[PDB]
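Asker: Before we start, here is the structure in question, set down as structure tokens.
2 protein chains.
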Amino acid sequence: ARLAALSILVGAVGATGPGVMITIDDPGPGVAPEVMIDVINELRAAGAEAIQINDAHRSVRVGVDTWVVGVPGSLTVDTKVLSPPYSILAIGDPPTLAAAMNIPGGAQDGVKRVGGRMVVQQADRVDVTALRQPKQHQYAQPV
Amino acid sequence: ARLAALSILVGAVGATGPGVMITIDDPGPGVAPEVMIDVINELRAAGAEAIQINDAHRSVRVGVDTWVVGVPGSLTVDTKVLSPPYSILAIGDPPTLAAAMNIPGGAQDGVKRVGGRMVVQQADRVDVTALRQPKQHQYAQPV
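Residue numbers (the entry's author numbering), protein chains in the order written: chain B, 149 to 291; chain A, 149 to 291.
The following block contains the structure:
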């Protein structure tokens, strides 16, 4: 049971629970990586225990060391080049996560100020199925 | 087979394999949190598969969300307060891990500039026995 918690944190197993599904429409496009990073960081600060970012074609499991780089219209998230609209699935307390997205002056203003829109849906069940890139150990062995 | 690999990845169990032992003597003391974070990231760069940070009395198993705060002489790593000298154990290709330590402009140069010393010992076997202690998830459950 310690293994489950550690495995969810590292993104090595899928997770399910209550949470939110956030859609970001970015017609400009204008949402730069810094804005996406702020959104992710605010969700984590608000208690999200698993986060996945999707576009129409790809899904990425977010970890604490995830890279989000690129330009509006083309955000590279742990190597996957995503284009809008984006979907963010986050497991946590749904009204807490929604409130975090509605803080005056908060992360969502980065989306709004570039002509984007954010819809935050609260859900009884959100499935974070994407896994972080697995790699086999070449040197470490069990004791 | 897969359970052991996962368990090592997430820091649920100990690991053994070739690697390095890094000793940092800090007589000032002058080694700040930033330098220890650089040590960890250099070792990760070089392909470290398990990392443990020791002082004379305590041990911390490094993981993806490991943080370091504090001041020279008293570094808090994942809630454990450590004081020099420090010992860092890392499992990986010993020549690659050693090479990382010798790259100019990083952690070793930071140690040197504050009057400290680093010793890097390559070893055919290093044991990482400290385990990570996960926080209880309130919302996410495994699938």
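Beta carbons are placed, not taken as given, at the ideal position from N, Cα and C, and that holds for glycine.
On the CB-based measure, 16 or more other CB atoms within 10 Å of its CB, does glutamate 182 of chain B come out buried or exposed?
Answerer: Mapped onto the first sequence, residue 182 of chain B falls at position 34. The residue is exposed, with fewer than 16 neighbouring Cβ atoms inside 10 Å.
Asker: What is the DSSP secondary structure of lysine 260 of chain A, reduced to helix, strand or coil?
Answerer: Locating residue 260 of chain A in the second sequence gives position 112, where the first residue counts as 1. Helix, per DSSP.
Asker: Would the region 262-270 of chain A count as touching the region 165-181 of chain A if we require 3 or more Cβ pairs under 8 Å?
Answerer: yes
Asker: Compute the Euclidean distance between the alpha carbons of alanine 153 of chain B and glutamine 289 of chain A, then round it to the nearest angstrom.
Answerer: On the first sequence, position 5 is the one that residue 153 of chain B refers to. On the second sequence, position 141 is the one that residue 289 of chain A refers to. Roughly 8 Å between the two C-alpha positions.
Asker: Rounded to the nearest angstrom, what separates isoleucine 188 of chain B and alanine 194 of chain B at their Cα positions?
Answerer: Sequence index remark: in the first sequence, residue 188 of chain B carries index 40 (1-based). Sequence index remark: in the first sequence, residue 194 of chain B carries index 46 (1-based). Those two C-alpha atoms are separated by around 10 Å.
Asker: Within the continuous alpha helix (DSSP H) that includes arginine 192 of chain B, where are the two ends?
Answerer: The sequence position of residue 192 of chain B within the first sequence is 44, counting from 1. Start and end: 181-193.
Asker: Under 9 Å between C-beta atoms, does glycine 240 of chain A make it to chain B?
Answerer: As a working note, residue 240 of chain A is residue 92 in the second sequence. Yes - at least one Cβ of chain B is within 9 Å of the one on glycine 240 of chain A.
Asker: Identify, in the order they occur along the chain, each residue of the same chain with its Cβ nearer than 7 Å to the Cβ of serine 231 of chain A, setting aside the five sequence neighbours on each side.
Answerer: As a working note, residue 231 of chain A is residue 83 in the second sequence. Result list for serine 231 of chain A: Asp203, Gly221 and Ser222, in chain order.
Asker: So the candidates are A:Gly165, A:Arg150 and A:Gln284; which of them puts its Cα closest to the Cα of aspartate 272 of chain A?
Answerer: As a position in the second sequence, residue 272 of chain A is number 124, starting the count at 1. Checked all of A:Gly165, A:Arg150 and A:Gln284; the closest Cα to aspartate 272 of chain A is A:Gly165.
Asker: Are the CB atoms of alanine 180 of chain B and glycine 240 of chain B nearer to each other than 9 Å?
Answerer: Reading the first sequence from its first residue, position 32 is the one you call residue 180 of chain B. Reading the first sequence from its first residue, position 92 is the one you call residue 240 of chain B. With respect to the 9 Å criterion, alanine 180 of chain B and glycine 240 of chain B are not classified as neighbours on the basis of their beta carbons.
Asker: Under 8 Å Cβ-Cβ, which residues of chain A neighbour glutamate 197 of chain B?
Answerer: As a first step, residue 197 of chain B is located in the first sequence; it is residue number 49 there, counting from the start. In chain order: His285, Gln286, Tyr287 and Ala288.
Asker: Is the CB of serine 155 of chain B under 9 Å away from at least one CB in chain A?
Answerer: The sequence position of residue 155 of chain B within the first sequence is 7, counting from 1. So yes, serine 155 of chain B belongs to the interface.
Asker: Alpha carbon to alpha carbon, what distance is there between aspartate 213 of chain B and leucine 157 of chain B?
Answerer: Here residue 157 of chain B corresponds to residue number 9 of the first sequence, with the count starting at 1. Here residue 213 of chain B corresponds to residue number 65 of the first sequence, with the count starting at 1. Answer to the nearest angstrom: the Cα atoms are 11 Å apart.
Asker: Could you check where the alpha helix (DSSP H) with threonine 224 of chain A kicks off and where it finishes?
Answerer: Against the second sequence, residue 224 of chain A aligns to sequence position 76. It is not in any alpha helix (DSSP H) - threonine 224 of chain A instead sits in the beta strand (DSSP E) that spans 222-225.
Asker: Please decide whether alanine 278 of chain B counts as near chain A, where near means a Cβ-Cβ distance under 9 Å.
Answerer: Counting from one through the first sequence, the residue named residue 278 of chain B turns up at place 130. So, not an interface residue.
Asker: Does any CB atom of chain A fall closer than 9 Å to the CB of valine 168 of chain B?
Answerer: What you label residue 168 of chain B is simply residue 20 of the first sequence in a count that begins at 1. Chain A, which has no Cβ nearer than 9 Å to the Cβ of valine 168 of chain B, makes this no.
Asker: Tell me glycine 178 of chain B's beta-bridge partners as DSSP assigns them.
Answerer: Indexing the first sequence from 1 puts residue 178 of chain B at position 30. Its beta-bridge partners do not exist; DSSP assigns none.
Asker: Quick one: which chain A residues come within Cβ less than 9 Å of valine 210 of chain B?
Answerer: One-based indexing of the first sequence puts residue 210 of chain B at position 62. Under the 9 Å cutoff, chain A gives no residues; its nearest Cβ is about 12 Å from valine 210 of chain B.
Asker: Closer than 9 Å, CB to CB, is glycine 162 of chain B near chain A or not?
Answerer: To locate residue 162 of chain B, count along the first sequence from 1; it is residue 14. The beta carbon of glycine 162 of chain B falls within 9 Å of a beta carbon belonging to chain A, placing the residue at that interface.
Asker: Listing by chain order, which chain B residues have their CB less than 8 Å from the CB of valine 158 of chain A?
Answerer: Against the second sequence, residue 158 of chain A aligns to sequence position 10. Within chain B, the residues placing a beta-carbon under 8 Å from that of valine 158 of chain A are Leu151, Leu154, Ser155, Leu157, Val158 and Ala160, ordered along the chain.
Asker: Tell me the rounded alpha-carbon separation between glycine 218 of chain B and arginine 206 of chain B.
Answerer: In the first sequence, residue 218 of chain B corresponds to position 70, counting from 1. In the first sequence, residue 206 of chain B corresponds to position 58, counting from 1. Near 16 Å, if we compare the C-alpha coordinates of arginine 206 of chain B and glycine 218 of chain B.
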